[PDB]
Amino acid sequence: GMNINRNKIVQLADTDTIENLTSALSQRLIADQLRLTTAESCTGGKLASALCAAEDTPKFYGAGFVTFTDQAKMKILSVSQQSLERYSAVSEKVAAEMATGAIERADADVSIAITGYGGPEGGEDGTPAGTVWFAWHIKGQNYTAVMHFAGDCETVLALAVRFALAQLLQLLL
């Protein structure tokens, strides 16, 4: 029996700054004695940077992976070649595998994965620019969400980082 009270796509508010989100997230994971790891592609390391700028980072976060290419996803995060060929790197399946691959490599408890098209170009399969797939691993369970962000590449990547954090907060309720 699946309870769906927490399945809300968070709507980012101006109060959901990187600073405020990592404030809430850091103290929550420290309180829960949980260790976070991250895997990202299009955001390039900016999610990791958000967490490394948080307070008391070493008490909950150590390992961040940036895997910009198909080969890096396959080698570092054990994303399967078959899944990339079937679905492309910007896909629900690959995001989920990046989240479980980071868990494995880092020996962590919680993870966040981001893979998307920052823009101006979209996918060869027609996936429009601004589409970003996300995945989170929490308590042995995996979650995914897709978003379609408006604006240029700088604006899309900044929203993806904030969304990745804010939605983990939602899933931790």
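Heads up: residue numbers just count along the shown sequence, starting at 1.
Relative to its counterpart among 50 to 58 and 36 to 44, 50 to 58 has the higher mean temperature factor, C-alpha atoms as listed in the PDB entry. Of the two segments, 121 to 129 and 142 to 150, the one listed with the higher mean B-factor is 121 to 129 (C-alpha atoms only). Placement of the Cα temperature factor of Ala24 within the chain: lowest third of the modelled residues, per the deposited record. Ranked by Cα temperature factor within the chain, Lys75 sits in the middle third according to the deposited record.
In the PDB entry, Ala106 places in the middle third of its chain by CA B-factor. In this PDB entry, the Cα temperature factor of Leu168 sits in the bottom third of its chain's modelled residues, the lowest group.
Residue-level temperature factors show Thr15 in the middle third of its chain, judged at the C-alpha atom.
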